[PDB]
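Below is the file start.txt, which contains compact mmCIF, C-alpha atoms.
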# COMPACT_ATOMS: atom_id res chain seq x y z
CA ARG A 395 12.14 -81.78 -145.37
CA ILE A 396 14.62 -79.44 -143.73
CA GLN A 397 18.26 -80.31 -144.40
CA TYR A 398 20.99 -79.19 -141.98
CA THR A 399 24.77 -79.44 -142.31
CA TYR A 400 27.13 -80.50 -139.54
CA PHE A 401 30.87 -80.39 -138.94
CA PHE A 402 33.32 -81.81 -136.41
CA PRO A 403 37.13 -82.08 -136.17
CA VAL A 404 39.38 -85.10 -135.64
CA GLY A 405 43.06 -85.39 -134.73
CA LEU A 406 44.02 -82.02 -133.28
CA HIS A 407 46.79 -81.09 -130.83
CA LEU A 408 46.16 -78.80 -127.90
CA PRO A 409 48.91 -76.22 -127.20
CA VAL A 410 51.69 -76.24 -124.62
CA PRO A 411 50.31 -75.02 -121.23
CA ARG A 412 47.80 -77.85 -120.94
CA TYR A 413 45.04 -77.07 -118.45
CA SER A 414 42.08 -79.00 -117.07
CA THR A 415 38.83 -78.46 -115.26
CA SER A 416 37.28 -81.85 -114.48
CA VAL A 417 37.65 -83.85 -111.27
CA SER A 418 36.61 -87.31 -112.48
CA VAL A 419 38.83 -88.65 -115.27
CA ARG A 420 42.02 -90.45 -114.19
CA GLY A 421 43.36 -92.32 -117.18
CA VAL A 422 44.09 -90.11 -120.16
CA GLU A 423 46.06 -87.32 -118.43
CA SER A 424 49.43 -88.22 -119.98
CA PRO A 425 51.20 -85.91 -122.46
CA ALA A 426 52.46 -88.68 -124.74
CA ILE A 427 48.95 -89.93 -125.55
CA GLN A 428 47.20 -88.29 -128.50
CA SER A 429 43.71 -88.96 -129.81
CA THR A 430 43.49 -90.18 -133.40
CA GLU A 431 39.69 -90.54 -133.61
CA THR A 432 36.50 -88.80 -132.51
CA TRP A 433 33.25 -90.31 -131.28
CA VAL A 434 30.00 -89.21 -132.91
CA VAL A 435 26.60 -90.28 -131.59
CA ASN A 436 24.32 -91.87 -134.22
CA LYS A 437 20.65 -91.13 -134.92
CA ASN A 438 19.66 -94.13 -132.78
CA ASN A 439 22.08 -93.04 -130.02
CA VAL A 440 24.99 -95.35 -130.84
CA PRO A 441 28.52 -93.89 -130.40
CA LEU A 442 30.57 -94.35 -133.58
CA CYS A 443 34.25 -93.51 -134.04
CA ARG B 395 2.62 -114.34 -121.73
CA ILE B 396 5.44 -112.42 -123.43
CA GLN B 397 8.96 -113.74 -123.98
CA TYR B 398 12.10 -111.58 -124.02
CA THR B 399 15.72 -112.47 -124.75
CA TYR B 400 18.50 -111.20 -122.50
CA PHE B 401 21.93 -110.59 -124.04
CA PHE B 402 24.86 -110.59 -121.69
CA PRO B 403 28.73 -110.67 -121.56
CA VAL B 404 31.37 -112.20 -119.28
CA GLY B 405 35.15 -112.06 -119.16
CA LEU B 406 36.33 -109.33 -121.50
CA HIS B 407 39.45 -107.21 -121.80
CA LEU B 408 39.63 -103.43 -121.97
CA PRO B 409 42.24 -101.85 -124.27
CA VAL B 410 45.63 -100.33 -123.57
CA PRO B 411 44.88 -96.65 -122.60
CA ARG B 412 42.86 -97.59 -119.52
CA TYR B 413 40.69 -94.89 -117.98
CA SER B 414 38.27 -94.20 -115.14
CA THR B 415 35.45 -91.82 -114.37
CA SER B 416 34.38 -92.87 -110.85
CA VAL B 417 35.20 -90.57 -107.96
CA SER B 418 34.64 -93.16 -105.22
CA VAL B 419 36.36 -96.51 -105.71
CA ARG B 420 39.68 -97.22 -104.04
CA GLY B 421 40.52 -100.83 -104.83
CA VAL B 422 40.39 -102.81 -108.07
CA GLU B 423 42.19 -100.29 -110.37
CA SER B 424 45.52 -102.20 -110.61
CA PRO B 425 46.32 -103.39 -114.17
CA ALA B 426 47.27 -106.93 -113.13
CA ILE B 427 43.69 -107.82 -112.23
CA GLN B 428 41.46 -109.80 -114.59
CA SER B 429 37.74 -110.33 -114.10
CA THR B 430 36.47 -113.86 -114.73
CA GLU B 431 32.79 -113.43 -113.84
CA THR B 432 29.87 -111.02 -114.11
CA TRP B 433 27.10 -110.37 -111.62
CA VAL B 434 23.41 -110.64 -112.49
CA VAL B 435 20.38 -109.62 -110.43
CA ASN B 436 17.50 -112.10 -110.16
CA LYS B 437 13.75 -111.72 -110.23
CA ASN B 438 13.86 -111.45 -106.43
CA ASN B 439 16.77 -108.94 -106.37
CA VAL B 440 19.37 -111.47 -105.16
CA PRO B 441 22.70 -110.90 -106.96
CA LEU B 442 24.41 -113.97 -108.43
CA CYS B 443 27.72 -114.63 -110.19
CA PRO C 1181 32.74 -118.03 -127.44
CA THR C 1182 33.90 -114.48 -128.02
CA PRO C 1183 37.32 -112.87 -128.49
CA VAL C 1184 38.61 -111.00 -125.51
CA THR C 1185 39.01 -107.83 -127.61
CA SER C 1186 35.35 -107.37 -128.62
CA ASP C 1187 34.20 -103.87 -127.70
CA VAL C 1188 31.91 -103.31 -124.72
CA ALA C 1189 30.10 -100.53 -126.62
CA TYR C 1190 28.30 -103.29 -128.55
CA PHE C 1191 26.80 -104.58 -125.33
CA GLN C 1192 24.93 -101.58 -123.89
CA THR C 1193 22.72 -101.21 -126.96
CA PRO C 1194 20.18 -103.87 -127.97
CA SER C 1195 21.45 -105.98 -130.86
CA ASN C 1196 22.19 -109.58 -131.89
CA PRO C 1197 24.37 -112.04 -129.98
CA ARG C 1198 26.21 -112.70 -133.20
CA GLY C 1199 28.36 -109.82 -134.27
CA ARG C 1200 26.22 -108.83 -137.24
CA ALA C 1201 22.80 -107.26 -137.36
CA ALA C 1202 20.25 -109.57 -138.95
CA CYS C 1203 17.11 -107.49 -139.61
CA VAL C 1204 15.86 -108.76 -142.97
CA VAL C 1205 12.72 -106.52 -142.95
CA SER C 1206 14.73 -103.69 -144.54
CA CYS C 1207 15.76 -105.85 -147.51
CA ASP C 1208 13.86 -106.19 -150.77
CA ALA C 1209 10.88 -108.52 -150.72
CA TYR C 1210 11.39 -112.01 -152.21
CA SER C 1211 15.16 -111.57 -152.60
CA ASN C 1212 16.86 -114.41 -150.76
CA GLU C 1213 20.32 -113.74 -152.18
CA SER C 1214 20.26 -110.08 -151.14
CA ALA C 1215 18.97 -111.14 -147.73
CA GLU C 1216 21.67 -113.80 -147.30
CA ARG C 1217 24.27 -111.20 -148.31
CA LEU C 1218 23.28 -109.05 -145.33
CA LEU C 1219 23.71 -111.89 -142.84
CA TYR C 1220 27.01 -113.37 -143.99
CA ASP C 1221 29.14 -111.49 -146.54
CA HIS C 1222 32.00 -109.41 -145.17
CA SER C 1223 32.66 -107.13 -148.11
CA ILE C 1224 29.91 -105.03 -146.51
CA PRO C 1225 30.28 -103.40 -143.07
CA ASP C 1226 27.36 -103.94 -140.64
CA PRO C 1227 23.95 -102.36 -141.03
CA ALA C 1228 24.60 -101.27 -137.42
CA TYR C 1229 28.27 -100.19 -137.60
CA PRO D 1328 20.93 -106.18 -122.29
CA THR D 1329 20.70 -106.75 -118.55
CA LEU D 1330 22.77 -105.84 -115.53
CA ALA D 1331 26.37 -106.87 -115.87
CA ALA D 1332 29.20 -105.96 -113.56
CA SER D 1333 32.63 -107.50 -113.69
CA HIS D 1334 33.15 -106.88 -110.01
CA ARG D 1335 30.93 -106.63 -106.97
CA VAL D 1336 32.14 -103.05 -106.41
CA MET D 1337 30.77 -101.43 -109.55
CA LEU D 1338 27.28 -102.77 -108.91
CA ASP D 1339 27.40 -100.71 -105.70
CA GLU D 1340 28.11 -97.57 -107.71
CA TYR D 1341 25.02 -98.12 -109.83
CA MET D 1342 22.80 -98.13 -106.76
CA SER D 1343 24.44 -95.34 -104.81
CA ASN D 1344 24.11 -92.78 -107.60
CA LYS D 1345 22.55 -93.54 -110.98
CA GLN D 1346 23.54 -90.29 -112.73
CA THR D 1347 27.20 -89.94 -111.71
CA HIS D 1348 27.79 -93.67 -112.14
CA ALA D 1349 30.77 -94.50 -114.34
CA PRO D 1350 30.07 -97.07 -117.07
CA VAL D 1351 33.67 -98.16 -117.77
CA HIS D 1352 36.41 -98.27 -115.14
CA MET D 1353 40.03 -99.35 -115.68
CA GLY D 1354 39.48 -103.08 -115.90
CA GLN D 1355 35.78 -103.41 -115.17
CA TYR D 1356 32.51 -102.18 -116.66
CA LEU D 1357 28.75 -102.05 -116.15
CA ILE D 1358 25.84 -102.43 -118.54
CA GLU D 1359 22.64 -100.67 -117.54
CA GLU D 1360 19.65 -102.66 -118.73
CA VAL D 1361 17.50 -101.40 -121.60
CA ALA D 1362 14.38 -103.55 -121.58
CA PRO D 1363 10.71 -102.97 -122.43
CA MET D 1364 9.91 -103.73 -118.80
CA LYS D 1365 11.65 -101.63 -116.15
CA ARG D 1366 11.86 -103.52 -112.89
CA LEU D 1367 12.37 -102.15 -109.40
CA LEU D 1368 15.94 -102.94 -108.40
CA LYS D 1369 16.13 -103.08 -104.61
CA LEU D 1370 19.31 -104.26 -102.90
CA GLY D 1371 19.42 -103.58 -99.22
CA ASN D 1372 16.78 -100.92 -98.79
CA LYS D 1373 18.07 -98.50 -101.43
CA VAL D 1374 15.82 -98.55 -104.48
CA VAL D 1375 16.99 -97.70 -107.99
CA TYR D 1376 14.42 -97.68 -110.77
CA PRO E 1328 28.77 -78.66 -134.55
CA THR E 1329 28.07 -82.17 -133.24
CA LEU E 1330 29.12 -84.34 -130.32
CA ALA E 1331 32.80 -84.96 -131.04
CA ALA E 1332 34.59 -86.39 -128.03
CA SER E 1333 38.20 -87.28 -128.74
CA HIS E 1334 38.22 -90.06 -126.21
CA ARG E 1335 35.60 -92.39 -124.80
CA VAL E 1336 35.89 -90.69 -121.39
CA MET E 1337 34.72 -87.25 -122.47
CA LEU E 1338 31.47 -88.54 -123.96
CA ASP E 1339 30.99 -90.69 -120.83
CA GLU E 1340 31.46 -87.61 -118.65
CA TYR E 1341 29.12 -85.31 -120.59
CA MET E 1342 26.37 -87.85 -119.91
CA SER E 1343 26.96 -87.98 -116.16
CA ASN E 1344 26.79 -84.23 -115.52
CA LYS E 1345 25.85 -81.82 -118.31
CA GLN E 1346 26.89 -78.66 -116.43
CA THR E 1347 30.19 -79.38 -114.69
CA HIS E 1348 31.91 -81.32 -117.47
CA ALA E 1349 35.23 -80.07 -118.77
CA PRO E 1350 35.04 -78.85 -122.38
CA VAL E 1351 38.84 -79.10 -122.74
CA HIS E 1352 40.78 -81.56 -120.60
CA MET E 1353 44.58 -81.91 -120.78
CA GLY E 1354 44.95 -83.72 -124.08
CA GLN E 1355 41.37 -84.23 -125.21
CA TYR E 1356 38.30 -82.12 -125.82
CA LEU E 1357 34.55 -82.26 -126.38
CA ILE E 1358 32.17 -80.28 -128.53
CA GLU E 1359 28.70 -79.94 -127.07
CA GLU E 1360 26.38 -79.58 -130.05
CA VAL E 1361 24.57 -76.34 -130.88
CA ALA E 1362 21.93 -77.30 -133.40
CA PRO E 1363 18.52 -75.85 -134.30
CA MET E 1364 17.01 -79.18 -133.31
CA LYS E 1365 17.48 -80.69 -129.86
CA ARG E 1366 17.35 -84.42 -129.24
CA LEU E 1367 17.35 -86.93 -126.42
CA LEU E 1368 20.71 -88.66 -125.95
CA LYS E 1369 20.12 -92.03 -124.29
CA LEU E 1370 23.42 -93.84 -123.75
CA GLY E 1371 22.12 -96.59 -121.52
CA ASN E 1372 19.53 -95.08 -119.21
CA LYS E 1373 20.94 -91.56 -118.72
CA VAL E 1374 19.39 -88.76 -120.79
CA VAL E 1375 21.02 -85.47 -121.78
CA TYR E 1376 18.61 -83.07 -123.44
Since I need it in another form, could you write the structure as structure tokens?
Amino acid sequence: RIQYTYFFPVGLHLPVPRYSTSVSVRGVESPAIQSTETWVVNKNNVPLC
Amino acid sequence: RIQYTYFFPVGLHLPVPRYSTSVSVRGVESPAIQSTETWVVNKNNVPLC
Amino acid sequence: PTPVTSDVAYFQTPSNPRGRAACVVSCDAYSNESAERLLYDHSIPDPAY
Amino acid sequence: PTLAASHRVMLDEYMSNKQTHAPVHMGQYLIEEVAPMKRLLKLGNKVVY
Amino acid sequence: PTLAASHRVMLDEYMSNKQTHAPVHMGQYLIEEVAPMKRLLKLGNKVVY
């Protein structure tokens, strides 16, 4: 039974010259919005915050 | 014969930071709109509300 | 009847039409009070979420 | 779950492209069905399995 | 690391196109996982291996 560790961050703040690459997302582009949670996919493929 | 149960919503809200991912839809995206029905596809591929 | 603020992420994955998961197979055999506690009591977050 | 679409428009996105389809739009959504049988969805003459 | 999307959009965009997704958008990010095991990620009917 092989046992692996995992790590992920939550609640960071990206620095001042904010860049982008994608061409799809239209809603979350504002500067005043900040994420306070991160979404992790479960074992049975269920996204949990 | 095998029986299945089909779980299904209608008439929800979506929370305050509204977002999009579609490239090609020009219309509905105004925040004053509210959806009061959902569309289901039959056995014979006829969509119904 | 369902509140307008229930999350849509519950609806893409197969689950119960009530808000709580009700699989009693996981519970101890011949323990009705432990099995009723899974269905109803809200000191315990979901076996799904 | 079965096919749900809060507007007529987002059911057209599911049958134009299945991969780059967006599940949640600003006010509207779509639930792709996860069922033990997978039917042939055919609206018009475009076929999405 | 694991899948850690700061918003619901980023995890819904990694599913739609594995290659051309943005790892860092304006305010939010995504961590594509680098683990010794690989899994299937079914969120609906779209699979990202």
Residues of chain B within 12 Å of chain E, all atoms listed in the file counted, as a tab-separated table (two decimals) with C-alpha atoms, in the coordinates of the input:
chain	number	residue	atom	x	y	z
B	409	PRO	CA	42.24	-101.85	-124.27
B	411	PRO	CA	44.88	-96.65	-122.60
B	412	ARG	CA	42.86	-97.59	-119.52
B	413	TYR	CA	40.69	-94.89	-117.98
B	414	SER	CA	38.27	-94.20	-115.14
B	415	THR	CA	35.45	-91.82	-114.37
B	416	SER	CA	34.38	-92.87	-110.85
B	417	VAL	CA	35.20	-90.57	-107.96
Overlay target chain E, mobile chain D, all C-alpha paired in order, as a compact mmCIF listing (two decimals) with C-alpha atoms, in the coordinates of the input:
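Result file is result04.txt:
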# COMPACT_ATOMS: atom_id res chain seq x y z
CA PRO D 1328 28.67 -78.54 -134.61
CA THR D 1329 27.83 -81.99 -133.29
CA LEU D 1330 29.12 -84.24 -130.55
CA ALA D 1331 32.84 -84.78 -130.74
CA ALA D 1332 35.00 -86.48 -128.17
CA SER D 1333 38.59 -87.45 -128.72
CA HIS D 1334 38.30 -90.29 -126.25
CA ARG D 1335 35.54 -92.56 -125.06
CA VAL D 1336 36.04 -91.25 -121.50
CA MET D 1337 35.04 -87.63 -122.02
CA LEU D 1338 31.75 -88.60 -123.64
CA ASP D 1339 30.94 -90.24 -120.30
CA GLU D 1340 31.51 -86.95 -118.51
CA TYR D 1341 29.00 -85.20 -120.74
CA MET D 1342 26.27 -87.63 -119.74
CA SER D 1343 27.05 -87.95 -116.06
CA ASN D 1344 26.85 -84.21 -115.38
CA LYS D 1345 26.10 -81.62 -118.06
CA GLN D 1346 26.87 -78.51 -115.97
CA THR D 1347 30.17 -79.48 -114.32
CA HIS D 1348 31.42 -81.12 -117.52
CA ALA D 1349 34.85 -79.93 -118.60
CA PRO D 1350 35.10 -78.91 -122.27
CA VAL D 1351 38.89 -79.17 -122.69
CA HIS D 1352 41.07 -81.68 -120.84
CA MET D 1353 44.85 -82.08 -121.16
CA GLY D 1354 44.95 -83.80 -124.52
CA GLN D 1355 41.28 -84.30 -125.30
CA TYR D 1356 38.19 -82.13 -125.77
CA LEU D 1357 34.43 -82.20 -126.29
CA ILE D 1358 32.12 -80.14 -128.47
CA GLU D 1359 28.56 -79.81 -127.25
CA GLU D 1360 26.20 -79.61 -130.20
CA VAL D 1361 24.46 -76.34 -131.08
CA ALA D 1362 21.77 -77.24 -133.59
CA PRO D 1363 18.28 -75.93 -134.39
CA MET D 1364 16.94 -79.34 -133.41
CA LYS D 1365 17.79 -80.62 -129.93
CA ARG D 1366 17.68 -84.39 -129.85
CA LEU D 1367 17.30 -86.67 -126.85
CA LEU D 1368 20.70 -88.22 -126.18
CA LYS D 1369 20.19 -91.52 -124.37
CA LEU D 1370 23.13 -93.84 -123.77
CA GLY D 1371 22.43 -96.61 -121.35
CA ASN D 1372 19.37 -95.37 -119.53
CA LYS D 1373 20.74 -91.96 -118.51
CA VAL D 1374 19.14 -89.23 -120.59
CA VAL D 1375 20.80 -85.90 -121.35
CA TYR D 1376 18.84 -83.33 -123.31
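You can rank E:1358, E:1374, E:1331, E:1364 by their closest distance to residue 398 of chain A using only C-alpha atoms, and at the top of that list sits E:1364.
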Checklist entry - chain B residues within 7 Å of chain C, counting only C-alpha atoms: which ones, as a PyMOL selection string? => result chain B and resi 401+406-407
Next on the checklist: With 12 Å as the limit and counting only C-alpha atoms, what residues in chain E lie close to chain C? Please list them as an MDAnalysis selection string.
Outcome noted: chainID E and resid 1335 1339 1369:1373
Item to check | All residues 7 Å or closer to segment 420-429 of chain B, only C-alpha atoms, same chain fewer than 2 positions away omitted, as a ChimeraX atom specification | outcome: /B:405,418,431 /D:1333,1353-1354
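Comparing the minimum interatomic distances between chain E and each of D:1375, D:1330, D:1349, D:1367, counting only C-alpha atoms, we find that D:1349 sits nearest.
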List the neighbours of residue 1332 of chain D out to 10 Å using all atoms listed in the file; skip same-chain residues closer than 4 positions along the sequence, and give me the result as a PDB file with C-alpha atoms, keeping the file's coordinate frame.
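The result, stored in part29.pdb:
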ATOM      1  CA  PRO B 403      28.730-110.670-121.560  1.00  0.00           C
ATOM      2  CA  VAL B 404      31.370-112.200-119.280  1.00  0.00           C
ATOM      3  CA  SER B 429      37.740-110.330-114.100  1.00  0.00           C
ATOM      4  CA  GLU B 431      32.790-113.430-113.840  1.00  0.00           C
ATOM      5  CA  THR B 432      29.870-111.020-114.110  1.00  0.00           C
ATOM      6  CA  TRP B 433      27.100-110.370-111.620  1.00  0.00           C
ATOM      7  CA  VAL B 434      23.410-110.640-112.490  1.00  0.00           C
ATOM      8  CA  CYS B 443      27.720-114.630-110.190  1.00  0.00           C
TER       9      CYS B 443
ATOM     10  CA  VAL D1336      32.140-103.050-106.410  1.00  0.00           C
ATOM     11  CA  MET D1337      30.770-101.430-109.550  1.00  0.00           C
ATOM     12  CA  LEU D1338      27.280-102.770-108.910  1.00  0.00           C
ATOM     13  CA  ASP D1339      27.400-100.710-105.700  1.00  0.00           C
ATOM     14  CA  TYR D1341      25.020 -98.120-109.830  1.00  0.00           C
ATOM     15  CA  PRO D1350      30.070 -97.070-117.070  1.00  0.00           C
ATOM     16  CA  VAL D1351      33.670 -98.160-117.770  1.00  0.00           C
ATOM     17  CA  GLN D1355      35.780-103.410-115.170  1.00  0.00           C
ATOM     18  CA  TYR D1356      32.510-102.180-116.660  1.00  0.00           C
ATOM     19  CA  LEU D1357      28.750-102.050-116.150  1.00  0.00           C
ATOM     20  CA  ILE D1358      25.840-102.430-118.540  1.00  0.00           C
ATOM     21  CA  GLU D1359      22.640-100.670-117.540  1.00  0.00           C
TER      22      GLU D1359
END
Next on the checklist: Neighbouring residues of residue 1376 of chain D were defined as those with any atom within 8 Å, considering only C-alpha atoms; residues of the same chain fewer than 6 positions away were excluded. Please report them as number ranges by chain.
Outcome noted: D: 1365-1368
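In this structure, atom CA of residue 1219 of chain C sits 7.2 Å away from atom CA of residue 1201 of chain C.
As for atom CA of residue 1225 of chain C and atom CA of residue 1199 of chain C, they are spaced 11.1 Å apart.
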Checklist entry - For the atom pair atom CA of residue 1352 of chain E and atom CA of residue 1346 of chain D, what is the interatomic distance in Å to one decimal place? => result 20.9 Å
Checklist entry - Which is closer to chain B than all the others in A:410, A:442, A:419, A:435, using all atoms listed in the file? => result A:419
Around the point (20.0, -110.7, -147.5) in the file's coordinates, collect all residues with an atom within 12 Å, using only C-alpha atoms, and return them as an mmCIF file with C-alpha atoms, in the frame of the given file.
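Now in result.cif:
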data_model
loop_
_atom_site.group_PDB
_atom_site.id
_atom_site.type_symbol
_atom_site.label_atom_id
_atom_site.label_comp_id
_atom_site.auth_asym_id
_atom_site.auth_seq_id
_atom_site.Cartn_x
_atom_site.Cartn_y
_atom_site.Cartn_z
ATOM 1 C CA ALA C 1201 22.800 -107.260 -137.360
ATOM 2 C CA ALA C 1202 20.250 -109.570 -138.950
ATOM 3 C CA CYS C 1203 17.110 -107.490 -139.610
ATOM 4 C CA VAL C 1204 15.860 -108.760 -142.970
ATOM 5 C CA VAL C 1205 12.720 -106.520 -142.950
ATOM 6 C CA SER C 1206 14.730 -103.690 -144.540
ATOM 7 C CA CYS C 1207 15.760 -105.850 -147.510
ATOM 8 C CA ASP C 1208 13.860 -106.190 -150.770
ATOM 9 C CA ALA C 1209 10.880 -108.520 -150.720
ATOM 10 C CA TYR C 1210 11.390 -112.010 -152.210
ATOM 11 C CA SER C 1211 15.160 -111.570 -152.600
ATOM 12 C CA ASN C 1212 16.860 -114.410 -150.760
ATOM 13 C CA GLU C 1213 20.320 -113.740 -152.180
ATOM 14 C CA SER C 1214 20.260 -110.080 -151.140
ATOM 15 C CA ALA C 1215 18.970 -111.140 -147.730
ATOM 16 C CA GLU C 1216 21.670 -113.800 -147.300
ATOM 17 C CA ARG C 1217 24.270 -111.200 -148.310
ATOM 18 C CA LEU C 1218 23.280 -109.050 -145.330
ATOM 19 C CA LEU C 1219 23.710 -111.890 -142.840
ATOM 20 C CA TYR C 1220 27.010 -113.370 -143.990
ATOM 21 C CA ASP C 1221 29.140 -111.490 -146.540
ATOM 22 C CA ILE C 1224 29.910 -105.030 -146.510
ATOM 23 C CA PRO C 1227 23.950 -102.360 -141.030
#
Missing atoms in segment 1204-1217 of chain C need filling: write out N, CA, C and O atoms for it as a PDB file, in the frame of the given file.
ATOM      1  N   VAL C1204      16.090-108.496-141.551  1.00  0.00           N
ATOM      2  CA  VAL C1204      15.860-108.760-142.970  1.00  0.00           C
ATOM      3  C   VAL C1204      14.675-107.951-143.494  1.00  0.00           C
ATOM      4  O   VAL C1204      14.540-107.790-144.719  1.00  0.00           O
ATOM      5  N   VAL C1205      13.892-107.333-142.599  1.00  0.00           N
ATOM      6  CA  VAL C1205      12.720-106.520-142.950  1.00  0.00           C
ATOM      7  C   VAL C1205      13.092-105.357-143.864  1.00  0.00           C
ATOM      8  O   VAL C1205      12.312-104.978-144.747  1.00  0.00           O
ATOM      9  N   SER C1206      14.302-104.818-143.717  1.00  0.00           N
ATOM     10  CA  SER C1206      14.730-103.690-144.540  1.00  0.00           C
ATOM     11  C   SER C1206      14.998-104.110-145.979  1.00  0.00           C
ATOM     12  O   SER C1206      14.884-103.291-146.896  1.00  0.00           O
ATOM     13  N   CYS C1207      15.359-105.373-146.196  1.00  0.00           N
ATOM     14  CA  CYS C1207      15.760-105.850-147.510  1.00  0.00           C
ATOM     15  C   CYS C1207      14.570-105.919-148.465  1.00  0.00           C
ATOM     16  O   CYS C1207      13.409-105.788-148.069  1.00  0.00           O
ATOM     17  N   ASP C1208      14.885-106.104-149.745  1.00  0.00           N
ATOM     18  CA  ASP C1208      13.860-106.190-150.770  1.00  0.00           C
ATOM     19  C   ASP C1208      13.042-107.463-150.589  1.00  0.00           C
ATOM     20  O   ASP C1208      13.560-108.496-150.161  1.00  0.00           O
ATOM     21  N   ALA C1209      11.748-107.372-150.879  1.00  0.00           N
ATOM     22  CA  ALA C1209      10.880-108.520-150.720  1.00  0.00           C
ATOM     23  C   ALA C1209      11.182-109.572-151.778  1.00  0.00           C
ATOM     24  O   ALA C1209      11.450-109.235-152.935  1.00  0.00           O
ATOM     25  N   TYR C1210      11.160-110.844-151.355  1.00  0.00           N
ATOM     26  CA  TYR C1210      11.390-112.010-152.210  1.00  0.00           C
ATOM     27  C   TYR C1210      12.759-111.976-152.877  1.00  0.00           C
ATOM     28  O   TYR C1210      12.904-112.295-154.057  1.00  0.00           O
ATOM     29  N   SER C1211      13.776-111.574-152.121  1.00  0.00           N
ATOM     30  CA  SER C1211      15.160-111.570-152.600  1.00  0.00           C
ATOM     31  C   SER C1211      15.994-112.296-151.561  1.00  0.00           C
ATOM     32  O   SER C1211      16.493-111.687-150.614  1.00  0.00           O
ATOM     33  N   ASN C1212      16.143-113.608-151.742  1.00  0.00           N
ATOM     34  CA  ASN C1212      16.860-114.410-150.760  1.00  0.00           C
ATOM     35  C   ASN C1212      18.360-114.186-150.845  1.00  0.00           C
ATOM     36  O   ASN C1212      19.062-114.271-149.832  1.00  0.00           O
ATOM     37  N   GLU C1213      18.877-113.912-152.043  1.00  0.00           N
ATOM     38  CA  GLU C1213      20.320-113.740-152.180  1.00  0.00           C
ATOM     39  C   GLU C1213      20.769-112.395-151.624  1.00  0.00           C
ATOM     40  O   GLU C1213      21.848-112.294-151.030  1.00  0.00           O
ATOM     41  N   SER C1214      19.949-111.358-151.783  1.00  0.00           N
ATOM     42  CA  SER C1214      20.260-110.080-151.140  1.00  0.00           C
ATOM     43  C   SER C1214      20.096-110.180-149.632  1.00  0.00           C
ATOM     44  O   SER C1214      20.804-109.507-148.881  1.00  0.00           O
ATOM     45  N   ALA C1215      19.174-111.015-149.164  1.00  0.00           N
ATOM     46  CA  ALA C1215      18.970-111.140-147.730  1.00  0.00           C
ATOM     47  C   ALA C1215      20.062-111.986-147.083  1.00  0.00           C
ATOM     48  O   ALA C1215      20.455-111.737-145.940  1.00  0.00           O
ATOM     49  N   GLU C1216      20.555-112.998-147.799  1.00  0.00           N
ATOM     50  CA  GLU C1216      21.670-113.800-147.300  1.00  0.00           C
ATOM     51  C   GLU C1216      22.960-112.986-147.290  1.00  0.00           C
ATOM     52  O   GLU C1216      23.845-113.214-146.459  1.00  0.00           O
ATOM     53  N   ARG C1217      23.074-112.025-148.206  1.00  0.00           N
ATOM     54  CA  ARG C1217      24.270-111.200-148.310  1.00  0.00           C
ATOM     55  C   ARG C1217      24.391-110.257-147.119  1.00  0.00           C
ATOM     56  O   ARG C1217      25.496-109.874-146.724  1.00  0.00           O
TER      57      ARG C1217
END
